[PDB]
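Trainee: experimental structure and sequence below.
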Amino acid sequence: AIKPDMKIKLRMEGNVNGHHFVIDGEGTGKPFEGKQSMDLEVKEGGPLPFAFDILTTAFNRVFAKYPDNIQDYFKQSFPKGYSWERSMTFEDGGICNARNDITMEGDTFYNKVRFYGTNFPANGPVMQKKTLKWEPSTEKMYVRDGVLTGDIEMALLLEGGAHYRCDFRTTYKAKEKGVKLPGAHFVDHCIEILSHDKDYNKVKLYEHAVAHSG
């Protein structure tokens, strides 16, 4: 079902501090190496008046390298697919909620993403576009109340060298009823904007994710 090389199609509809936008993506990846790249294009609401970096982790844990001693909940969720819901709690009061519904047709994963952000300070790094990158992170995956959950303490590097903290919690749910939950584990992440045009109307994004037991 899931091949060594797969394609990705994505549409995100978003609203951040009252600003609506729509972004389309098309990408490719190696699900078993945990690597993927995506070309993103703003289709409505450009130029975005906030830091593109707040969106990038919303642009699929199918693309994660799982060793044979950790069950791979995400690769077992197809053909019906799975969905996730995420809260992002920024240190200065900004708050985001995002959801993705992931399906598959042929060699392509389809992503329907919704992204809502609010309470970002007008002179903060998000509305002033002063972010540089997410630092490499480790997502703690575990079961809480019968739901697969991932927690991350994230940090955005800012212009000037300060860090801007964000706490992530994501819940993950297969669409099929009887999909066995995995054991707890960790997923190391790194995510990089490889290139972008001046207003970030076009962005190339890359992520590498590896699961491990320690």
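Mentor: Looks like it arrived, so ask away. Numbers count the residues shown, from 1 in each chain.
Trainee: ok, which stretches of this structure are helices?
Mentor: Read by DSSP state H, the chain holds no helices at all.
Trainee: dump the residue contacts of residue 126.
Mentor: Residue 126 is in contact with 50-51, 54, 90, 94, 117, 120, counting by CB atoms under 8 Å, 6 or more residues apart in numbering. Placement of C-beta: from N, CA and C, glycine included.
Trainee: against residue 136, how distant is it?
Mentor: Relative to residue 136, residue 126 is positioned 20 Å away (CB to CB, to the nearest Å).
Trainee: could you do residue 92 as well?
Mentor: Going from residue 92 to residue 136 by CB to CB gives 22 Å.
Trainee: what does residue 73 give?
Mentor: Counting by CB to CB, the gap from residue 73 to residue 136 is 23 Å.
Trainee: of the two, who's got more company?
Mentor: The residue with more neighbours, out of residue 73 and residue 136, is residue 73; 22 against 13, by other CB atoms under 10 Å.
Trainee: of the contacts of residue 126, which is the most crowded?
Mentor: Taking other CB under 10 Å as the neighbour criterion, residue 54 ranks highest of the contacts of residue 126 with 25 neighbours.
Trainee: ok, now which ones touch that residue?
Mentor: Residues in contact with residue 54 (CB under 8 Å, 6+ apart) are 16, 88, 94, 96, 117, 126, 131.
Trainee: correct me, but residue 13 touches residue 116?
Mentor: No - distance between residue 13 and residue 116: 9.6 Å, which falls outside the contact criterion (CB atoms under 8 Å).
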